[PDB]
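> let me start by giving you these chains from the complex, positioned as in the assembled structure:
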Amino acid sequence: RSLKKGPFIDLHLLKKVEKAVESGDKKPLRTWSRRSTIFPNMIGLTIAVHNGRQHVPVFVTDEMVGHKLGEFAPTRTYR
Amino acid sequence: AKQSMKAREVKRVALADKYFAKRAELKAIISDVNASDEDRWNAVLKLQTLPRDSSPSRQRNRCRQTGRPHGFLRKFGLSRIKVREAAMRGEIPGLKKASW
């Protein structure tokens, strides 16, 4: 579907994740990277993807991986 | 349009040549089928380190006079309004209204 090589993410978040990894599943993340793919070593994390004004939280689970973060933070509000 | 925008564009040109101009290599040879090792990953990960702009896709490219982002001609570097405005003046070398 996109990018043959290297399920892309932005570094600041990677390290943010790593840091939380050894630190343990703790306080929710302040990622603004909706573009970053969700690597397996992120499950259980309660990262909060920015939403254009809101910074809505998302509780990662196995399946939430190849799918990019943006998918879990709908932008437009309808009805 | 808005001196700030034009300055913003040239800033893009500055950072453009300052980096990738001789550091597009990362996505180049490193993001290539030869070293799919962590090295290639280093590439895709060091690329972000580079300031957001600089990358050519982030070169909106405006008119050299008015600076109107739309209707720009890569040829004269001028927006249709100005290219016409000068062409009529007799400015542009050999450029009369065609009639084929």
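Everything's here; your move. Numbering: from 1, shown residues only, chains lettered A, B, ... in the order given.

> and the one residue in chain A that gets nearest to chain B, what is it in contact with?
The nearest approach of chain A to chain B comes at residue A:6, 4.6 Å away (Cβ to the nearest Cβ). Yep, even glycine has a C-beta here, placed from its N, CA and C like the rest. Applying Cβ atoms under 8 Å, 6 or more residues apart in numbering or on different chains, we find residue A:6 in contact with B:31, B:40-41, B:44.

> residue B:2 too?
Counted by Cβ under 8 Å, 6+ apart, residue B:2 has zero contacts.

> relative to residue B:21, how far out is it?
27 Å (Cβ to Cβ, to the nearest Å).

> just want the most central residue of chain A.
In chain A, the centroid-proximal residue (Cα atoms, centre = their mean) is residue A:69; its distance is 4.4 Å.

> assign residue A:50 to helix, strand or coil.
Classification of residue A:50 using DSSP: H, G, I helix; E, B strand; the rest coil returns coil.

> near chain A, which residues of chain B are found?
B:31, B:36, B:40-41, B:44-45, B:48-49 (Cβ under 8 Å from any Cβ of the partner chain).

> those residues, buried ones only, as a ChimeraX selection?
Buried subset of the residues of chain B next to chain A, written as a ChimeraX selection, criterion 16 or more other Cβ atoms under 10 Å in any protein chain shown:
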select /B:31,40,44,45,48
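
> and the residues of chain B next to chain A, which two are the farthest apart?
The largest distance within the residues of chain B next to chain A, taken as Cβ to Cβ, falls between B:36 and B:49 and amounts to 20.7 Å.

> now residue B:61: closest residue in space, sequence neighbours ignored.
Closest residue to residue B:61 apart from its sequence neighbours, by Cβ to Cβ, 6 or more residues apart in numbering or on different chains: residue B:72 at 6.1 Å.

> include chain C as well:
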Amino acid sequence: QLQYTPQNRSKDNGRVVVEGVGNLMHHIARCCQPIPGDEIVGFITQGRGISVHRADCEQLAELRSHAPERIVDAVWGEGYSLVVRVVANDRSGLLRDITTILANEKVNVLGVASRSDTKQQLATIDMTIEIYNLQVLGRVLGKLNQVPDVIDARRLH
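Chain C goes in next, on the same frame as the chains above:
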């Protein structure tokens, strides 16, 4: 006729700081009606972000018996929205007695939750509101426990 603006302005947020951070999508739950004072306990819904459920409560405790790990902690940053039950004797213009007080008493009146039936002469009236200042809450309770037809008029939970 006076029955959105809250969700449009709770979006202004700053109202909750979850485990060291605010700005997270969240909303006060309808099963506790968390009040500014006694902090809260927050739960993370799949969509619609964090679901605050007020500190200490059963449904919030039921979640503990499913995905307790997801549950999180927070405070208030900066007494909007709440309900109040006023079971009372009959009525006889009592509906006015609640409103008579409420009028220029200010507080929002969207809790049209009355129910006059039962068996005896005791109509069961409820009232959701969106009272602002915490002090205002107190003046109401003193001005509403007073009413002759009223037998009870306090923070429904």
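
> hmm, back to that, give me phi/psi at the residue nearest to the centre of chain A?
Main-chain torsions, residue A:69, degrees, to the nearest 10: phi -50, psi -40.

> wait, it sits on residue A:49?
Yes: using Cβ atoms under 8 Å, residue A:69 is in contact with residue A:49, at 4.7 Å.

> any shared contact partners between the two?
What both residue A:69 and residue A:49 touch, as defined by Cβ under 8 Å, 6+ apart, is the set A:31, A:33-34, A:58.

> what's the most centrally placed residue in chain C in contact with, if anything?
For chain C, the residue nearest the mean C-alpha position is residue C:82 (1.7 Å; Cα atoms, centre = their mean). Counting by Cβ under 8 Å, 6+ apart, residue C:82 makes contact with C:33, C:35, C:128-131, C:137, C:155.

> just the buried members of the residues you listed?
Neighbour-count burial (16+ other Cβ under 10 Å) applied to the contacts of residue C:82 gives C:33, C:35, C:128-129, C:131, C:137.

> between the residues you listed, which is nearest residue C:10?
Distances from residue C:10 to these, taken as Cβ to Cβ, are shortest for residue C:33 (13.8 Å).

> now stretch B:86-100: buried residues?
Buried residues in stretch B:86-100, counted by 16+ other Cβ under 10 Å: residue B:87.

> got the contact list for it?
Stretch B:86-100 is contacted by residues B:76, B:78, B:83 when judged by Cβ under 8 Å, 6+ apart.

> OK, contacts around the second one?
Spelled out, it's residue B:78. Residues near residue B:78 by Cβ under 8 Å, 6+ apart: B:63-65, B:72, B:86.

> quick check: the farthest pair among those?
Between any two of those (Cβ to Cβ), the greatest distance is 14.3 Å, for B:72 and B:86.

> please slot chain D in as well:
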Amino acid sequence: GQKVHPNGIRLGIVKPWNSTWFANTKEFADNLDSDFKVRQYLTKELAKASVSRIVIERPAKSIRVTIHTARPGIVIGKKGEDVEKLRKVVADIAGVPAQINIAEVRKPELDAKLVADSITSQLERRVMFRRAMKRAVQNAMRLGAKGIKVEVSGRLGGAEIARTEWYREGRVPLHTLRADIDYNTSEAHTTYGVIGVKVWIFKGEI
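Just below you will find chain D, in place on the chains above:
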């Protein structure tokens, strides 16, 4: 409004392009812009010397600059003093030696531009517009122009509502292509704002 620019429609017929030279897209626009630059700079420091038109030529990396003016003596400063002063600032704006050629036009009223800004000059003086128009007009007609027509538009005199005015004398066959209809503009700023000035001048053919 919709009348074709007279100078444009006759480019391949009578009117030579003001900026003769050549290049390719690989280095074209650059030469075109810098061209504009020098023409702009001169527009500035020569508006006081009554330039008519700045033709530019770009041969062998070099940038030649033919300059039409009615008063070369003031353009040149003193013994090419200010002239070379210009060639300096010119090649400075082009990073290339510029052969600054200055050609005098000796019929100041027989040019469009000169007359045009003669008018703007007058509106700058705050002289009543119409006097200025009839002025330049008669000057042209008695100076042999087989045709002339000028126009002014805007507040002119500071009217609440903008108007447009025009006088003509002699044939000005805008559709007769071979007709050498000189045509120039020079917007005229006034306290009430900008005011348009356009001038047509018909002289010959083939």
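
> since we added chain D, can you redo the buried residues of stretch B:86-100?
B:86-93, B:95-96.

> and the helices in chain B, which stretches?
For chain B, the helices defined by DSSP state H cover B:3-18, B:38-49, B:80-87.

> would you turn the ones you listed into CSV with distance to residue D:38?
Listed next are these as CSV, based on distance: least, Cβ to Cβ, whole Å:
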stretch, distance to residue D:38
helix B:3-18, 20
helix B:38-49, 41
helix B:80-87, 14
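
> what residues does the helix or strand containing residue C:128 touch?
Residue C:128 belongs to strand C:123-129 when assigned by DSSP states H and E. For strand C:123-129, the surrounding residues in contact (Cβ under 8 Å, 6+ apart) are C:81-91, C:94-95, C:98, C:107-118, C:156.

> tally of neighbours for the closest residue to residue B:55 other than its chain neighbours?
Distance criterion Cβ to Cβ, 6+ apart; nearest residue to residue B:55, sequence neighbours excluded, is residue B:20 at 6.1 Å. When counting by other Cβ atoms under 10 Å in any protein chain shown, one arrives at 18 neighbours for residue B:20.

> cool, the one 4 residues further on as well?
Burial of residue B:24, expressed as a neighbour count using other Cβ under 10 Å, amounts to 14.

> residues in contact with it?
Contacts of residue B:24 (Cβ under 8 Å, 6+ apart): none.

> distance of it relative to residue D:206?
In terms of Cβ to Cβ, residue B:24 sits 57 Å off from residue D:206.

> which secondary structure elements does the longest strand along chain D contact?
Secondary structure of chain D per DSSP state E: the longest strand is strand D:193-202. Here strand D:193-202 touches helix D:112-124, helix D:129-142, strand D:147-154, strand D:163-170, strand D:181-185, strand D:188-190, going by 3 or more Cβ pairs under 8 Å, 6 or more residues apart in numbering or on different chains; DSSP states H and E.
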